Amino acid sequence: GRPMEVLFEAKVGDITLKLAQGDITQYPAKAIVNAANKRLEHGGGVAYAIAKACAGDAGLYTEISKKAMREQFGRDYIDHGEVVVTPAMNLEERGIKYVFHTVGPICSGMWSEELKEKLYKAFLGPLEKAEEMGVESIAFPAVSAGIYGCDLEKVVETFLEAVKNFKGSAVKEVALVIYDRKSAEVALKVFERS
């Protein structure tokens, strides 16, 4: 498919961390993370892209996701840090087995310690879910850096903090995937400071 370009690779413990530029629906990781809302309504953003790539129809993957959410949490909504796991379906041909749905906070141009802790849990949650299931590779989008309007540099910094604080032996590869080139250059600068 379209070009996947690794811009940075380093070891955080035994975990190999990569920063890549491209489409997360084409990244070769056993699990990819969705920047969802609390209802798993995949109506726009990377959520719509993942839902359509998995099921052909984004509305179908929304219903599949809502069924999984009730089965896994006993309710029809999730909070920051909680992760719903759904089959990747059509994405299996690219080596992706699961979608991990996470929900970041809505900054809307602001930033606070409350917003950071919510975004931190939304990044750490999928890492801990991968460790619980023995999933060896996981790829992340820039959760909350798009429609929810959190500053990209703060998002990438919070992501790196979750990776550095994560403790796990099953997870061997973590990737952050940025679509547009300008935001990927911003993320690379943050990666190199840290």
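Residue numbers run from 1 along the displayed sequence. Only the largest set of C-alpha atoms that superpose within 1.5 Å between the two forms is called the rigid core.
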query: 179 to 187 against 10 to 18 - segment lying farther from this form in 4 other deposited structures of this protein (CA RMS, rigid core fit); finding: 10 to 18
query: Per the entry, higher mean C-alpha B factor between 107 to 115 and 88 to 96; finding: 107 to 115
query: Greater mean Cα temperature factor according to the PDB record, 7 to 15 or 170 to 178; finding: 7 to 15
query: Identity of residue with top Cα B-factor, from 135, 46, 160, 143; finding: 160
query: Out of 70, 38, 154, 42, residue topping the C-alpha B-factor column of the entry; finding: 154
